[PDB]
Every structure is written in C-alpha cells, then in structure tokens.
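Only one structure is covered here, and it is reproduced in the block below.
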Protein chains: 2
Amino acid sequence: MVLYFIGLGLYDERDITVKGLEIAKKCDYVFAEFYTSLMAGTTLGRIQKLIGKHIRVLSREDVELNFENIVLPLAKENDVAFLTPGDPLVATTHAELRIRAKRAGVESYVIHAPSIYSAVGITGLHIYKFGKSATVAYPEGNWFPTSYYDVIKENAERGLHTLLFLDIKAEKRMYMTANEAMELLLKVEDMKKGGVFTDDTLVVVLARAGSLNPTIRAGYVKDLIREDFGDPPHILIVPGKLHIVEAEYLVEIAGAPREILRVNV
Amino acid sequence: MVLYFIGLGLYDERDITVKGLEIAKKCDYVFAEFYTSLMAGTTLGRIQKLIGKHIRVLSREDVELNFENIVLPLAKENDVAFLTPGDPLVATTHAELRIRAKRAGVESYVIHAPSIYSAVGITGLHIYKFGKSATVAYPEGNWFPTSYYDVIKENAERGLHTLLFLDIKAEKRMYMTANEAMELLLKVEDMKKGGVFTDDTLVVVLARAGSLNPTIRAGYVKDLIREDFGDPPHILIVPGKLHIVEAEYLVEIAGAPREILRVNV
Ligand SMILES: Nc1ncnc2c1ncn2[C@@H]1O[C@H](CSCC[C@H](N)C(=O)O)[C@@H](O)[C@H]1O
C-alpha cells in the first residue's frame with residue numbers, strides 16, 4: 001500500500017543504492033521506464049536478477065497518459081515500485097506523478113540514485129559554477145530547436161559552466177552523441193552569430209559516466225568534433241571562465257591542451 | 001595500485017550504491033572523510049558494520065596536506081577506498097586528489113552516489129532551472145561574508161532557482177538550520193536593500209534528503225522563519241519565477257500556500 005520512485009543510477013544495475021535495492025526486493029509489483037535515459041552497462045534481465053522480481057517496462061505513453069491506470073491501482077493494495085535510470089526526478093517530468101499519486105490516495109516515497117547532473121563533478125569543473133542547464137534536441141521536420149544556445153550565452157556571460165543534456169529516442173534506439181550536439185551548435189552559431197559556440201570554443205565531453213572507465217575529454221570544438229568518444233550516453237559541457245585548478249584537472253585527467261592552463265584573469 | 005573514490009550518498013549507511021559497497025568490501029584499506037559534510041542518519045560504527053572493514057577517518061588536514069603520505073602509499077600496493085559523503089568530486093577540493101594519485105603512479109576510479117545537488121529534484125523544482133549555487137556561511141567577528149546573497153540576486157533576476165548549502169561545523173557536528181539561514185539573509189537584505197530576500201520571498205526547505213521521511217516545505221519567509229523543519233541537515237532554496245507545474249507540486253507535496261499559484265508563477 002505504497003508507491004516508491006526508485007532510481008537505478010548512471011550505468012549498470014549496481015548503481016542502485018543499497019536502500020533502493022532492499023526496498024525493491026520487498027515490493028509486490030515492480031514497474032520501470034527506460035526512455036528518459038540510457039543505462040549502457042546493463043540489461044533488463046540483469047536488473048531483474050538483482051532485485052529478484054519481474055519488471056514490467058512502461059513506454060512514455062503508458063506513463064504520461066496512463067500512469068494512474070496502470071501503476072496507481074496496484075499501489076492502493078500493494079507495495080509497488082517504479083524504477084528509472086539515474087535519479088527519478090532529475091531532467092524528467094516524473095515529479096508530477098507524485099501529484100497523481102496523492103489525488104489517488106496513494107502515499108509515495110522517493111529513493112535517489114547517482115545522477116548525471118552531479119556526476120559531472122568528475123570532469124573537474126566546480127559543481128557550484130554550473131548555471132542553468134539545457135537539452136540539445138534533435139531537429140525534426142521544419143523545426144530546429146535553438147533555446148540551448150541562449151542558455152550557453154547567458155551562463156558564459158556570467159562565467160558559469162553549461163551542462164547540456166543530449167537528446168534520446170529510446171523507441172528508435174537513437175542516442176545523440178556529443179559530436180552531433182557540437183555540429184548542431186555550430187549551425188545555430190552561424191545563424192545567430194553571437195560568438196557563443198565556434199571551432200575555438202573549449203568544451204568537455206563525458207561519456208558513460210558511472211562506468212569505471214568513462215570517457216572524459218576536453219579540448220577545442222575544431223579538434224573534438226570528429227573524435228570517437230565511445231558508446232552513448234554522452235553529455236556535453238561548455239565551461240565558462242576556468243579557475244586554475246579546474247584547468248589543471250582538465251589537462252591532467254581529460255587530456256586538454258596545456259595552453260588552457262594559462263587562464264586569462 | 002588502485003584508489004577508489006566512493007560516495008556514501010545522502011543520509012544513512014544504505015545510501016551508498018551496491019557498486020560502492022561491493023568494491024569497498026574488497027578493498028584492503030578503507031579511509032573516509034567527514035569534513036566536507038556529515039552523514040546525519042547513521043554513525044561511523046554502522047557504516048563500518050555494513051562494509052565489514054575498519055575505517056580510518058581523515059581530517060581536512062590529513063587530506064589537504066598529507067593525502068599523498070597517508071592514502072596513496074598504501075594504494076601503491078593494495079586496493080584502497082576513500083569514502084566521502086554524497087557524490088565524490090562534488091566537493092570542490094576532491095578533484096585535485098585524482099591528480100595527486102596520477103602523480104604518485106596510482107590508478108583512481110570514481111564510484112558515484114546521490115548528491116544533494118541532484119536530490120533537490122524532490123522539491124518539484126525543475127533541475128535545469130537551478131543556476132549558480134552558493135553556501136551560506138556563519139558570520140564571525142568583524143567578518144560578514146555576503147556573496148551568497150548576490151548569487152540569489154543574479155539567479156533570480158534571470159528566472160533561475162538558487163540552491164543554498166548551509167554552513168556546517170563538521171568536527172563539531174553543528175548544522176546551520178534553514179531558520180538561521182533565513183534570519184541571516186534578512187539581515188543581509190537590511191544591509192544591501194537589494195530587494196532580494198524579504199518576508200515576502202518564497203523559499204523551499206528540504207531537510208534530511210535521502211531519508212524516507214524528508215521534510216519538504218515551501219512558503220513565505222514571514223511564515224517559515226520560525227517553523228520547525230526537524231533534525232539536520234537542512235538545505236534552503238530560493239526559487240525564481242515558477243512554472244505552473246513546479247508551483248502545483250509545491251502546493252500539493254510541500255504544503256505551500258495556494259497564493260504561490262498567482263504570485264510566483
Ligand atoms: N551515464 C551517463 N553518461 C553520460 N551522459 C548521461 C548519462 N546518464 C544520463 N546522461 C545524459 O542525460 C540524458 C538523460 S536526462 C535523464 C537523466 C537522469 N534522470 C539522471 O538522473 O541522470 C542523456 O540523454 C545523456 O545526455
């Protein structure tokens with residue numbers, strides 16, 4: 001007689017918290033969605049094995065349109081869990097699902113898990129210096145999203161870093177790479193011409209955070225735009241003005257050009 | 001030859017990930033630091049019991065001054081773990097420790113865990129709308145730091161939310177409460193008169209994130225400044241203009257007054 005929103009973490013089934021695992025193991029029914037993000041290091045089977053329960057996977061439509069018809073009814077007389085990649089309430093609209101739970105008379109609890117939003121700390125960039133975030137969405141038809149460009153501009157002007165979540169089309173198995181994101185940004189630049197994103201812009205790419213050997217790379221767009229960062233998921237970051245210690249880390253750990261060590265105070 | 005940076009998560013001994021626990025159990029030596037923050041819902045003893053390894057606690061000086069003399073030597077010929085509250089490398093000073101490892105010829109890997117930086121998603125506020133973050137420091141003597149006030153001003157005027165980490169005297173285990181933080185901000189306002197923080201400002205308090213029963217409250221300073229939010233730790237957020245969905249969550253889940261639907265959206 002309760003609904004748990006449990007995050008599964010960044011990369012594989014072991015990124016779930018012990019708390020989340022112990023609770024999931026005792027739930028009567030377990031649901032999950034895998035369209036908000038990509039866990040490149042595991043499979044449904046491995047997750048099912050770990051929690052020792054059958055997992056019913058829901059599609060975006062099942063959730064957004066029928067969460068209260070598929071999940072909530074069972075949570076009224078059973079302990080139910082709803083699993084999601086990363087943290088269930090980060091860069092998703094799942095928070096609203098707690099309201100549906102309330103109105104249906106179902107108490108809900110949230111169990112957090114490692115999120116890419118904080119995992120970016122592994123790039124060596126100070127977390128507090130990250131400003132507003134944005135998502136680079138695939139253009140479709142005659143529609144070419146550009147809001148993310150303005151976010152970079154606004155943050156950069158304040159000396160803040162910009163985290164760019166990359167698009168995902170789970171049902172089509174399409175995961176935007178940092179390369180594709182850079183290509184899109186260069187096109188927006190040509191259009192708006194704000195000097196925000198060019199071949200000389202310093203960027204940082206983090207691929208498969210959560211794995212033991214994620215790809216962490218820093219350098220100029222002109223040099224990284226055609227580099228292989230390995231399998232998805234990928235995230236792209238456009239740093240603002242760097243502290244010397246941030247630059248040192250990018251050079252030593254992310255292989256950035258040693259010239260960035262010479263910051264322009 | 002290997003050093004593992006392992007996050008302990010948000011609140012108690014079960015907030016570590018399954019991955020972190022299993023790796024920690026297999027390490028020859030386990031170190032930990034509790035100066036960047038504390039784990040309020042557990043004890044060193046309960047953490048040791050779960051990991052089944054003796055844990056050597058390091059002070060800020062041990063790490064900042066002697067990390068390469070205390071931890072790295074053992075990591076040269078053994079598998080060593082370095083536990084930290086939250087997500088490793090969110091704390092600004094942690095990143096450079098990976099450079100020390102490199103310099104010492106020691107491999108290092110990061111095992112993530114939930115961080116309050118991403119856990120604030122439980123407030124219903126969209127993660128992408130959070131801007132620069134800041135820490136409210138206790139004033140003392142003739143020193144009255146106020147940079148955090150400016151951070152709120154710059155975020156808010158851009159329509160962004162501001163995450164305020166509250167001061168903590170780790171060694172002394174003393175936590176700044178959201179109440180104390182509100183009183184401080186009102187004092188700074190009286191001095192700067194920027195119209196940034198007043199009795200009419202809408203704030204959100206998140207207490208004991210990670211716990212199954214965190215306190216999540218939203219309302220105007222005039223009404224929350226003397227409210228009891230429960231045991232530490234406390235986090236204070238000053239949201240910017242709200243999306244209606246954010247507001248409805250604050251009302252339905254955080255007990256915010258209906259007034260926010262018309263005044264703060
Ligand atoms: N392990 C990982 N490595 C790199 N990027 C990741 C990632 N996990 C998620 N992302 C990024 O974030 C996007 C999903 S947004 C959903 C995020 C999730 N709730 C969380 O807490 O992490 C992906 O398309 C990708 O750009």
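Just so we're on the same page: first chain in the structure tokens is A, next is B, and so on; residues restart at 1 for each chain, and ligands are numbered from 1 in the order they show up.
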Identify all chain A residues at most 7 Å from chain B by counting only C-alpha atoms; ligands do not count. Present them as a PyMOL selection string.
chain A and resi 14-19+89-91+95-96+99+109+111-115+117-119+121-122+124+126-134+210+212+249+252
List as a PyMOL selection string the protein and nucleic acid residues near residue A:38, meaning an atom at most 9 Å away when only C-alpha atoms are counted, but skip any in the same chain fewer than 6 places from it.
chain A and resi 10-11+85-86+168+170+175+232-233
Write a file of the just-selected residues containing N, CA and C atoms, as a compact mmCIF listing (two decimals), in the first residue's frame.
```
# COMPACT_ATOMS: atom_id res chain seq x y z
N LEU A 10 23.40 5.67 -12.91
CA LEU A 10 24.05 6.03 -14.16
C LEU A 10 24.38 5.05 -15.27
N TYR A 11 24.91 3.88 -14.92
CA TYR A 11 25.38 2.96 -15.95
C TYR A 11 24.92 1.50 -15.90
N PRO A 85 16.09 5.24 -14.83
CA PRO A 85 17.55 5.37 -14.92
C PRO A 85 17.93 6.60 -14.09
N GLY A 86 19.19 6.67 -13.66
CA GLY A 86 19.66 7.80 -12.88
C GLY A 86 18.79 8.10 -11.68
N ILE A 168 17.44 11.89 -26.72
CA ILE A 168 17.31 10.44 -26.76
C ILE A 168 15.95 10.01 -27.32
N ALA A 170 14.51 6.63 -27.31
CA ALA A 170 14.58 5.24 -26.86
C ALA A 170 13.89 4.23 -27.77
N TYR A 175 20.59 7.73 -29.72
CA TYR A 175 21.15 8.49 -28.61
C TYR A 175 22.12 9.52 -29.19
N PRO A 232 27.27 5.58 -26.37
CA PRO A 232 26.44 6.53 -25.63
C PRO A 232 26.12 5.89 -24.28
N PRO A 233 25.51 6.65 -23.35
CA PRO A 233 25.10 8.05 -23.45
C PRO A 233 26.26 9.04 -23.30
```
DSSP helix (DSSP H, G or I) residues within stretch 6-136 of chain A, listed as number ranges by chain
A: 13-15, 18-25, 44-51, 60-70, 72-75, 96-103, 116-123, 127-129
Please report, as a ChimeraX atom specification, each residue of stretch 3-48 of chain A to which DSSP assigns strand (DSSP E or B) when run on this structure's backbone.
/A:3-7,9,17,29-33
Just the residues within 6 Å of residue A:177, please, counting only C-alpha atoms, with nothing from its chain fewer than 2 positions along; format it as a list in words.
residues 179, 180 and 234 of chain A
Take atom CA of residue B:238 and atom CA of residue B:139 and report the distance between them in Å, one decimal.
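Value for the atom CA of residue B:238-atom CA of residue B:139 distance: 20.1 Å.
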Given the choices A:105, A:190, A:240, A:71, which gets closest to residue A:151 if the distance is worked out from only C-alpha atoms?
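Looking at the shortest contact to residue A:151, the residue is A:240.
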Just how far from atom CA of residue B:149 is atom CA of residue B:225, in Å to one decimal?
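Atom CA of residue B:149 lies at a distance of 17.0 Å from atom CA of residue B:225.
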Would you mind listing what lies within 9 Å of residue A:44 as a PyMOL selection string, with only C-alpha atoms counted and same-chain residues fewer than 3 positions away left out?
chain A and resi 13+47-49+55+57
Take the residues that were just selected and, keeping N, CA and C atoms, output them as a PDB file, in the first residue's frame.
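Listed below is the output, selection14.pdb:
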```pdb
ATOM      1  N   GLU A  13      23.235  -2.007 -13.253  1.00  0.00           N
ATOM      2  CA  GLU A  13      22.349  -2.365 -12.152  1.00  0.00           C
ATOM      3  C   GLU A  13      22.920  -2.159 -10.753  1.00  0.00           C
ATOM      4  N   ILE A  47      18.968  -6.520 -14.213  1.00  0.00           N
ATOM      5  CA  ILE A  47      18.298  -5.728 -13.189  1.00  0.00           C
ATOM      6  C   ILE A  47      17.264  -6.615 -12.495  1.00  0.00           C
ATOM      7  N   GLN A  48      16.514  -7.380 -13.285  1.00  0.00           N
ATOM      8  CA  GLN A  48      15.512  -8.286 -12.735  1.00  0.00           C
ATOM      9  C   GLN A  48      16.160  -9.295 -11.792  1.00  0.00           C
ATOM     10  N   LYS A  49      17.320  -9.809 -12.189  1.00  0.00           N
ATOM     11  CA  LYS A  49      18.039 -10.785 -11.377  1.00  0.00           C
ATOM     12  C   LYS A  49      18.460 -10.200 -10.032  1.00  0.00           C
ATOM     13  N   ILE A  55      10.011  -7.340 -13.903  1.00  0.00           N
ATOM     14  CA  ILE A  55       9.827  -5.909 -14.082  1.00  0.00           C
ATOM     15  C   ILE A  55       8.995  -5.606 -15.316  1.00  0.00           C
ATOM     16  N   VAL A  57       8.029  -3.144 -17.984  1.00  0.00           N
ATOM     17  CA  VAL A  57       8.533  -1.919 -18.581  1.00  0.00           C
ATOM     18  C   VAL A  57       7.402  -1.118 -19.212  1.00  0.00           C
TER      19      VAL A  57
END
```
